[PDB]
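J.: I am attaching a structure below and will ask some questions about it afterwards.
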Amino acid sequence: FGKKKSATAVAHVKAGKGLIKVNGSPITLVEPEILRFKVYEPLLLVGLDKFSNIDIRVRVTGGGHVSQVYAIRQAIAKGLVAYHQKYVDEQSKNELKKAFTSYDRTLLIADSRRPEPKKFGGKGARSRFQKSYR
Amino acid sequence: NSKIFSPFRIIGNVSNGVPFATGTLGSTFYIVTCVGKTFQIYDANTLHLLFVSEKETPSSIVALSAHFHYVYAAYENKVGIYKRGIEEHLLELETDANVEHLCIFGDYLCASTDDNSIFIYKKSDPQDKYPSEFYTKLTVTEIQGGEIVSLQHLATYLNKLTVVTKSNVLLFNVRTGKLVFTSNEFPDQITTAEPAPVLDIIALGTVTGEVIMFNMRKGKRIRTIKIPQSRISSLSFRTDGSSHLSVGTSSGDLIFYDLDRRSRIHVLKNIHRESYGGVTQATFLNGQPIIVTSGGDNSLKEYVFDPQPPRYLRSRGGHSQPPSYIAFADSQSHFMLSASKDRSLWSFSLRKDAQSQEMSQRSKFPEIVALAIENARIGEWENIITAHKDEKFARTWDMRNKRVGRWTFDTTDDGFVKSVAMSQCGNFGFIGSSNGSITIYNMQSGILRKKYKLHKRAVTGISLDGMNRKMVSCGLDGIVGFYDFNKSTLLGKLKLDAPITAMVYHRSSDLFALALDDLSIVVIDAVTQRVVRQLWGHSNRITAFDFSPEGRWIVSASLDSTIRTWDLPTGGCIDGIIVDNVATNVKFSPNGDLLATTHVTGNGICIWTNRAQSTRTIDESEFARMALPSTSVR
């Protein structure tokens, strides 16, 4: 349900079991790794109220790599708290939420940044080419 | 005499069992019921409260009759003559006997007494509004007949009063004094009598279920209908074209019989409680297919015949037993929610029309043992929670549709519900268990939100501050629990010296009071989690208590038959009232204007005016011995 700086991650919500697959995989993998956490850290981040739950998982895809990674990010907890009451918490879903966003920036809504704009100049944007007429 | 409270009025009274009267109202009819020492007058076609007698009689009203625009009410050796609830005249019979029966016809007023005398008063001039001059005194000696059961006037019987006794039927000429007729002995005791809509015929009910059509002219039976194993308590003929007869019984049944087809039409089963006399009166309205019924169970019902079995049309009533729990339903002083041991939940209006309505339970639910209501979410979802005797779940109700709600809230620890509460926002319901658990439910979805386990004995009180920050509880273990609502942390515990039986939380001041078995009232600050005051004075078990809206006062009631006012800045009792009828509930109106009390005897709710909206001087035996408000007010 959440897109990230030219990327976009979709949310799956309806109670089930373990193995929450991202794309069509398993937030065990998610191999653009290094910072492979911050993904498993939404679920881990559940460290504030829940321990893992027993629910669902969906696929992302847009822009490029770390973009996507950051997208699947919100994607998750931006879908634990899912309305609710069949998804979030049948009452006071600020349970997670305010907790899963008292140290967040992914589920903590998205960033007002997004690529565009250049210039009749050099590279463009602001970096206008280097000229030194004599 | 009290410095704070002065009696205003009583709410929720409709009928007490005295057979209601019917009179003429322009084109429509009016119904006169008895409330005790007061009568009330309703429209027969709407059941709108038209009048209430402005001044209480010295003793309980025993008999009611209506004649045109005048109401005749019997009590002691007297007959009061009223118009528009206002006494226009008082007849004091020259006797120490009590009036039992009345009959008004022609220029005459006939009032029989419990020594078988019949006092006859007469109009001086036929165009007088009512009889006022004593004319004569008839007597039915035991050889002439038995104990007088009823006085009736048959159509076209000029100057002739029909006096039906337990054993026979007499006919007196009240002008000449002559006993012109006396029937043969009746074998079985006559309990009821009713003029038939045809010449010379009177219907007589017996202790055995027999209705006898008797011809006064020829002095013989014409017809005898048997109602198996019933005791007849009322008779009335339908007069809209259908030759039907209604027979009320002491068991609370109303039987409809076709006189022409000689068959039982129908029977309304248990429309009035048998333990309160069953059907004490049932009357077809003249020219209408409508029958009005009543009993001693504080209800007045109306049944119709559509152009087929009779169909419930409308009714008015209150509790048949004293209210056990009450609450103001709103901040506009519109409704009060009230529960009684008669297993009913009612909403009573505080306004002039005295409207009321029982909460639909669509054999009743067990008696309510705890009640909570919040007006915030009215219409949106359930806003009432009730605990029921020996049940492990609380029920919910909807104030908008005056009906039971969708959810039941289980204790989860196999205990009974002993306390209930609600958030001010109306989002949450709180349930306290006899096993110690506290459960928090979502009023919108019915889902269990949170569960706490601190108490090891019954939780007798629960509440939450207006900002939903801190939750407080009390129990028979003498523990006061303080919890964080947003998390589930135990914020603290207090251990009091006695079992705690009840809690009242004051949301605008964040103080809450507790009633203890040691007869004290403990006041605690929820913010500091400390006891700030302790009130000593009552000599018996505390029944109820409440905060004055400002937070300055606490008013309390007890088995000691007192109602006391406590000033919190000093902790001293600044006013005390001694009642002859123990108060079981005391509640302040949301605005400081009124005080509602419920008592051990009486079906209604007493309203008091807080005329102190005062000194801080202590009291002792300077308490006022005040009587409850008059039923004649408003």
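Each chain in the structure tokens gets a letter, A, B and so on, in the order shown; residues start at 1 in every chain, and ligands are counted from 1 in the order they appear.
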Counting only C-alpha atoms, give me one row per residue of chain A with an atom at most 12 Å from an atom of chain B, showing the shortest contact pair and its distance in Å to one decimal, sorted by chain then residue number, as CSV.
T.:
residue,atom,partner,partner_atom,distance
A:48,CA,B:487,CA,10.7
A:49,CA,B:487,CA,9.4
A:84,CA,B:445,CA,10.8
A:85,CA,B:445,CA,8.3
A:86,CA,B:445,CA,10.8
A:89,CA,B:449,CA,8.8
A:90,CA,B:447,CA,6.5
A:91,CA,B:449,CA,6.2
A:92,CA,B:449,CA,7.9
A:93,CA,B:449,CA,10.2
A:94,CA,B:486,CA,9.1
A:95,CA,B:486,CA,8.2
A:96,CA,B:487,CA,11.3
A:98,CA,B:486,CA,10.9
A:99,CA,B:487,CA,10.9
J.: Output as a list in words all residues of chain A that backbone DSSP marks as strand (DSSP E or B).
T.: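 Secondary structure check on chain A, strand (DSSP E or B): residues 2, 9, 60, 124 and 127 of chain A.
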J.: For residue 329 (chain B), please output as number ranges by chain all residues within 10 Å (counting only C-alpha atoms; exclusion window: fewer than 3 positions along the same chain).
T.: B: 326, 332-338, 347-349, 372-375, 383-384, 399, 589-590
J.: Please provide as a list in words all residues within 10 Å of residue 436 (chain B), with the sequence filter that same-chain residues fewer than 5 positions apart are discarded (counting only C-alpha atoms).
T.: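 Within the cut-off, the hits are residues 411, 413, 415, 416, 417, 418, 452, 453, 454, 455, 456, 457, 458, 459, 460, 474, 475, 476 and 477 of chain B.
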J.: Show me, as number ranges by chain, the residues that have an atom within 10 Å of region 104-116 of chain A when counting only C-alpha atoms, minus same-chain residues fewer than 5 positions from it.
T.: A: 2-7, 38-39, 42, 45, 70-81, 97-99, 125
J.: Please identify the helix (DSSP H, G or I) residues within region 36-122 of chain A (assignment by DSSP from backbone atoms) and present them as a list in words.
T.: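 Selecting the helix (DSSP H, G or I) positions of region 36-122 of chain A gives residues 40, 41, 42, 43, 65, 66, 67, 68, 69, 70, 71, 72, 73, 74, 75, 76 and 77 of chain A.
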J.: Residues of the last selection are to be written out with N, CA, C and O atoms, as a PDB file, in the first residue's frame.
T.:
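Just written: out.pdb:
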ATOM      1  N   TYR A  40      13.143  -6.821   7.850  1.00  0.00           N
ATOM      2  CA  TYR A  40      12.858  -7.740   8.938  1.00  0.00           C
ATOM      3  C   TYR A  40      12.797  -6.953  10.237  1.00  0.00           C
ATOM      4  O   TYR A  40      12.588  -7.517  11.304  1.00  0.00           O
ATOM      5  N   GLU A  41      12.979  -5.642  10.144  1.00  0.00           N
ATOM      6  CA  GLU A  41      12.957  -4.787  11.329  1.00  0.00           C
ATOM      7  C   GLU A  41      11.618  -4.075  11.495  1.00  0.00           C
ATOM      8  O   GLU A  41      11.439  -3.272  12.405  1.00  0.00           O
ATOM      9  N   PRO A  42      10.687  -4.344  10.593  1.00  0.00           N
ATOM     10  CA  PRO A  42       9.333  -3.875  10.784  1.00  0.00           C
ATOM     11  C   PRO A  42       8.703  -4.969  11.583  1.00  0.00           C
ATOM     12  O   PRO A  42       8.141  -4.727  12.636  1.00  0.00           O
ATOM     13  N   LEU A  43       8.826  -6.189  11.078  1.00  0.00           N
ATOM     14  CA  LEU A  43       8.367  -7.351  11.814  1.00  0.00           C
ATOM     15  C   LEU A  43       9.085  -7.424  13.163  1.00  0.00           C
ATOM     16  O   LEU A  43       8.456  -7.675  14.186  1.00  0.00           O
ATOM     17  N   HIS A  65      16.471  -0.644  -6.636  1.00  0.00           N
ATOM     18  CA  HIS A  65      16.741  -1.459  -5.455  1.00  0.00           C
ATOM     19  C   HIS A  65      16.417  -0.829  -4.094  1.00  0.00           C
ATOM     20  O   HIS A  65      15.293  -0.926  -3.603  1.00  0.00           O
ATOM     21  N   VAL A  66      17.406  -0.221  -3.459  1.00  0.00           N
ATOM     22  CA  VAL A  66      17.183   0.327  -2.132  1.00  0.00           C
ATOM     23  C   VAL A  66      15.847   1.076  -2.058  1.00  0.00           C
ATOM     24  O   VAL A  66      15.228   1.168  -0.989  1.00  0.00           O
ATOM     25  N   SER A  67      15.408   1.617  -3.196  1.00  0.00           N
ATOM     26  CA  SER A  67      14.071   2.194  -3.303  1.00  0.00           C
ATOM     27  C   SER A  67      13.049   1.164  -2.835  1.00  0.00           C
ATOM     28  O   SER A  67      12.422   1.312  -1.777  1.00  0.00           O
ATOM     29  N   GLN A  68      12.892   0.116  -3.629  1.00  0.00           N
ATOM     30  CA  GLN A  68      12.010  -0.978  -3.274  1.00  0.00           C
ATOM     31  C   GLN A  68      12.190  -1.375  -1.804  1.00  0.00           C
ATOM     32  O   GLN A  68      11.213  -1.447  -1.058  1.00  0.00           O
ATOM     33  N   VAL A  69      13.430  -1.616  -1.378  1.00  0.00           N
ATOM     34  CA  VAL A  69      13.649  -2.082  -0.007  1.00  0.00           C
ATOM     35  C   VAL A  69      12.911  -1.173   0.935  1.00  0.00           C
ATOM     36  O   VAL A  69      12.118  -1.632   1.738  1.00  0.00           O
ATOM     37  N   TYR A  70      13.164   0.126   0.818  1.00  0.00           N
ATOM     38  CA  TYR A  70      12.512   1.105   1.679  1.00  0.00           C
ATOM     39  C   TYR A  70      10.987   1.101   1.514  1.00  0.00           C
ATOM     40  O   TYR A  70      10.259   1.504   2.423  1.00  0.00           O
ATOM     41  N   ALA A  71      10.512   0.633   0.360  1.00  0.00           N
ATOM     42  CA  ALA A  71       9.070   0.554   0.092  1.00  0.00           C
ATOM     43  C   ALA A  71       8.361  -0.608   0.813  1.00  0.00           C
ATOM     44  O   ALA A  71       7.433  -0.388   1.600  1.00  0.00           O
ATOM     45  N   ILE A  72       8.786  -1.839   0.519  1.00  0.00           N
ATOM     46  CA  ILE A  72       8.345  -3.019   1.262  1.00  0.00           C
ATOM     47  C   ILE A  72       8.308  -2.716   2.772  1.00  0.00           C
ATOM     48  O   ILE A  72       7.525  -3.317   3.526  1.00  0.00           O
ATOM     49  N   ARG A  73       9.143  -1.753   3.189  1.00  0.00           N
ATOM     50  CA  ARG A  73       9.292  -1.343   4.589  1.00  0.00           C
ATOM     51  C   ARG A  73       7.967  -0.855   5.169  1.00  0.00           C
ATOM     52  O   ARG A  73       7.334  -1.532   5.981  1.00  0.00           O
ATOM     53  N   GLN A  74       7.554   0.339   4.760  1.00  0.00           N
ATOM     54  CA  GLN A  74       6.246   0.842   5.149  1.00  0.00           C
ATOM     55  C   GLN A  74       5.271  -0.268   4.821  1.00  0.00           C
ATOM     56  O   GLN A  74       4.530  -0.720   5.674  1.00  0.00           O
ATOM     57  N   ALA A  75       5.323  -0.728   3.574  1.00  0.00           N
ATOM     58  CA  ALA A  75       4.455  -1.797   3.098  1.00  0.00           C
ATOM     59  C   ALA A  75       3.961  -2.671   4.234  1.00  0.00           C
ATOM     60  O   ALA A  75       2.761  -2.726   4.481  1.00  0.00           O
ATOM     61  N   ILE A  76       4.878  -3.347   4.925  1.00  0.00           N
ATOM     62  CA  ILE A  76       4.487  -4.155   6.083  1.00  0.00           C
ATOM     63  C   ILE A  76       3.635  -3.416   7.184  1.00  0.00           C
ATOM     64  O   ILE A  76       2.394  -3.518   7.190  1.00  0.00           O
ATOM     65  N   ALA A  77       4.262  -2.680   8.110  1.00  0.00           N
ATOM     66  CA  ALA A  77       3.501  -2.104   9.249  1.00  0.00           C
ATOM     67  C   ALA A  77       2.417  -1.096   8.842  1.00  0.00           C
ATOM     68  O   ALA A  77       1.539  -0.737   9.634  1.00  0.00           O
TER      69      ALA A  77
END
J.: I'd like the interatomic distance between CA of residue 583 (chain B) and CA of residue 277 (chain B), to a tenth of an Å.
T.: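 One can read the CA of residue 583 (chain B) to CA of residue 277 (chain B) distance as 27.0 Å.
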J.: Might you pull out every residue within 12 Å of residue 128 (chain B), with only C-alpha atoms counted and same-chain residues fewer than 4 positions away left off, and present them as a PyMOL selection string?
T.: chain B and resi 106-108+122-124+132-133
J.: Please save N, CA, C and O atoms of the selected residues as a short mmCIF file (atom, residue, chain, number, x, y, z; two decimals), in the first residue's frame.
T.:
data_model
loop_
_atom_site.label_atom_id
_atom_site.label_comp_id
_atom_site.auth_asym_id
_atom_site.auth_seq_id
_atom_site.Cartn_x
_atom_site.Cartn_y
_atom_site.Cartn_z
N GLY B 106 -78.35 10.24 38.01
CA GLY B 106 -79.44 11.18 38.17
C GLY B 106 -79.06 12.34 39.07
O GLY B 106 -78.03 12.98 38.88
N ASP B 107 -79.90 12.60 40.07
CA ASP B 107 -79.62 13.66 41.03
C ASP B 107 -78.91 13.11 42.26
O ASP B 107 -78.79 13.80 43.27
N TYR B 108 -78.42 11.87 42.18
CA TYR B 108 -77.94 11.18 43.38
C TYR B 108 -76.46 10.84 43.42
O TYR B 108 -75.82 10.61 42.39
N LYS B 122 -78.17 14.15 47.53
CA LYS B 122 -79.05 14.55 46.45
C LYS B 122 -78.76 15.98 46.00
O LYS B 122 -78.36 16.82 46.80
N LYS B 123 -78.94 16.23 44.71
CA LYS B 123 -78.91 17.60 44.20
C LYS B 123 -80.13 18.34 44.73
O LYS B 123 -81.24 17.82 44.69
N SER B 124 -79.92 19.56 45.22
CA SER B 124 -81.03 20.43 45.57
C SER B 124 -81.82 20.74 44.31
O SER B 124 -83.04 20.56 44.26
N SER B 132 -74.86 17.40 46.88
CA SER B 132 -74.17 17.98 48.04
C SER B 132 -74.98 17.88 49.33
O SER B 132 -74.42 17.90 50.42
N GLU B 133 -76.30 17.76 49.21
CA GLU B 133 -77.16 17.69 50.38
C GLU B 133 -77.42 16.25 50.80
O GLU B 133 -77.86 15.44 49.99
#
J.: Just give me the gap between CA of residue 210 (chain B) and CA of residue 195 (chain B) in Å, one decimal is fine.
T.: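 CA of residue 210 (chain B) sits 15.9 Å away from CA of residue 195 (chain B).
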J.: Quick one: residues within 12 Å of residue 219 (chain B), only C-alpha atoms, excluding same-chain residues fewer than 5 positions away - as a list in words?
T.: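 Result of the neighbour search: residues 168, 169, 170, 171, 180, 181, 182, 183, 184, 185, 186, 200, 201, 202, 213 and 214 of chain B.
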J.: Using only N, CA and C atoms, please write the residues we just selected to a file, as a PDB file, in the first residue's frame.
T.:
ATOM      1  N   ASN B 168     -76.915 -11.908  47.390  1.00  0.00           N
ATOM      2  CA  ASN B 168     -78.090 -11.564  46.593  1.00  0.00           C
ATOM      3  C   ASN B 168     -77.991 -10.221  45.871  1.00  0.00           C
ATOM      4  N   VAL B 169     -79.104  -9.803  45.273  1.00  0.00           N
ATOM      5  CA  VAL B 169     -79.187  -8.525  44.580  1.00  0.00           C
ATOM      6  C   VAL B 169     -80.439  -7.780  45.022  1.00  0.00           C
ATOM      7  N   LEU B 170     -80.256  -6.559  45.514  1.00  0.00           N
ATOM      8  CA  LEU B 170     -81.365  -5.763  46.015  1.00  0.00           C
ATOM      9  C   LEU B 170     -81.635  -4.581  45.096  1.00  0.00           C
ATOM     10  N   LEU B 171     -82.858  -4.071  45.155  1.00  0.00           N
ATOM     11  CA  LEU B 171     -83.245  -2.881  44.416  1.00  0.00           C
ATOM     12  C   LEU B 171     -83.929  -1.932  45.384  1.00  0.00           C
ATOM     13  N   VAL B 180     -87.610  -2.047  46.998  1.00  0.00           N
ATOM     14  CA  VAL B 180     -88.628  -2.513  46.065  1.00  0.00           C
ATOM     15  C   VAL B 180     -88.371  -3.936  45.592  1.00  0.00           C
ATOM     16  N   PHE B 181     -87.130  -4.402  45.697  1.00  0.00           N
ATOM     17  CA  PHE B 181     -86.862  -5.772  45.261  1.00  0.00           C
ATOM     18  C   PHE B 181     -85.723  -6.455  46.008  1.00  0.00           C
ATOM     19  N   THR B 182     -85.861  -7.760  46.209  1.00  0.00           N
ATOM     20  CA  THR B 182     -84.770  -8.575  46.726  1.00  0.00           C
ATOM     21  C   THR B 182     -84.806  -9.952  46.074  1.00  0.00           C
ATOM     22  N   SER B 183     -83.715 -10.315  45.407  1.00  0.00           N
ATOM     23  CA  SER B 183     -83.665 -11.565  44.658  1.00  0.00           C
ATOM     24  C   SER B 183     -83.539 -12.763  45.581  1.00  0.00           C
ATOM     25  N   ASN B 184     -83.687 -13.951  45.004  1.00  0.00           N
ATOM     26  CA  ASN B 184     -83.431 -15.179  45.734  1.00  0.00           C
ATOM     27  C   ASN B 184     -81.951 -15.250  46.080  1.00  0.00           C
ATOM     28  N   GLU B 185     -81.623 -16.050  47.087  1.00  0.00           N
ATOM     29  CA  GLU B 185     -80.242 -16.245  47.499  1.00  0.00           C
ATOM     30  C   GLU B 185     -79.402 -16.798  46.353  1.00  0.00           C
ATOM     31  N   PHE B 186     -78.194 -16.266  46.198  1.00  0.00           N
ATOM     32  CA  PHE B 186     -77.224 -16.824  45.266  1.00  0.00           C
ATOM     33  C   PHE B 186     -76.331 -17.791  46.033  1.00  0.00           C
ATOM     34  N   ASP B 200     -83.057  -4.164  31.790  1.00  0.00           N
ATOM     35  CA  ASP B 200     -83.302  -5.008  32.967  1.00  0.00           C
ATOM     36  C   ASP B 200     -82.206  -6.014  33.310  1.00  0.00           C
ATOM     37  N   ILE B 201     -81.124  -6.028  32.541  1.00  0.00           N
ATOM     38  CA  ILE B 201     -80.113  -7.063  32.729  1.00  0.00           C
ATOM     39  C   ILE B 201     -78.821  -6.570  33.379  1.00  0.00           C
ATOM     40  N   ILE B 202     -78.401  -7.277  34.422  1.00  0.00           N
ATOM     41  CA  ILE B 202     -77.117  -7.025  35.058  1.00  0.00           C
ATOM     42  C   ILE B 202     -76.289  -8.309  35.051  1.00  0.00           C
ATOM     43  N   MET B 213     -76.211 -13.725  33.783  1.00  0.00           N
ATOM     44  CA  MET B 213     -77.042 -12.638  33.289  1.00  0.00           C
ATOM     45  C   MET B 213     -78.349 -12.663  34.065  1.00  0.00           C
ATOM     46  N   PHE B 214     -78.599 -11.609  34.829  1.00  0.00           N
ATOM     47  CA  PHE B 214     -79.737 -11.572  35.736  1.00  0.00           C
ATOM     48  C   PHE B 214     -80.727 -10.479  35.348  1.00  0.00           C
TER      49      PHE B 214
END
J.: Name the closest residue to residue 61 (chain A) among the candidates A:87, A:1, A:37, A:120; distances are taken between atoms, counting only C-alpha atoms.
T.: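 So, comparing all the options, the nearest one is A:1.
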